[PDB]
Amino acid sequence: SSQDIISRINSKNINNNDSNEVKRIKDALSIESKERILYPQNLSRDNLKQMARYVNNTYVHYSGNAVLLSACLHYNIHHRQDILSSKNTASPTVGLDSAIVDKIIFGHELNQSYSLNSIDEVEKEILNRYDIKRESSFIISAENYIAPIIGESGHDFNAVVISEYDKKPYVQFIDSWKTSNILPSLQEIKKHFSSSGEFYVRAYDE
């Protein structure tokens, strides 16, 4: 599947209004294809921390862009391998659309949920999907995430359902961009939102 990403990134069939965005992705993205030991089928919380650390290969003093980081991490989780990572030096906020990122990484726009009104409701929706279909990995899009200095802004992050021995499955939120706290608790991540709340969930399906 990594070779498909390479084919799409380099293709000539791109509207030149998108070519700058695609060049930004190309410059940021690294693809490690060497055959290595996979992560386990049943992921641990520790596995998620290692995966989140891997995707964010930005230079010191650069933050990268959450839309690209979250897509990379989602892709890696899906394949149970550290394949994609970002060294993006471009803006954390502007110049990357989730639609273009999804087309590049996954080969299509991912289907988004209906809008959810709180991170609590996100958690419940994800647990519902896990209960019914055992869907366990998602990209979360938030409309009014409070980022340092800039304030309310769109933000993408991840969530994975972790199933530990003899414990109820729980949602682990993962924010590979927020390197101060890459595995926030619900309570912690809620601090970054006021009531101005809108969230969407999406996931890659093969």
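Note that residue numbering follows the sequence shown and begins at 1.
Averaging C-alpha B-factors over each stretch, which comes out higher, 130-138 or 84-92? It is 84-92 that shows the higher mean C-alpha B-factor.
Using only the Cα atoms and their B-factors as the entry lists them, report which of 29-37 and 59-67 averages higher. Result: 29-37.
Within-chain third of residue 102 by Cα B-factor, per the entry: Residue 102: CA B-factor falls in the lowest third of its chain.
Could you tell me which third, lowest, middle or highest, the C-alpha B-factor of residue 44 occupies within its chain? As the PDB entry reports it, the C-alpha B-factor of residue 44 lands in the highest third of its chain.
Could you place residue 176 in the lowest, middle or highest third of its chain by Cα temperature factor, using the values in the record? Residue 176: CA B-factor falls in the lowest third of its chain.
Residue 153's Cα B-factor: lowest, middle or highest third of the chain? Tercile = middle for this residue's CA B-factor.
Where does the C-alpha B-factor of residue 112 rank in its chain, lowest, middle or highest third? Highest third - that is where residue 112 ends up once the chain's C-alpha B-factors are sorted.
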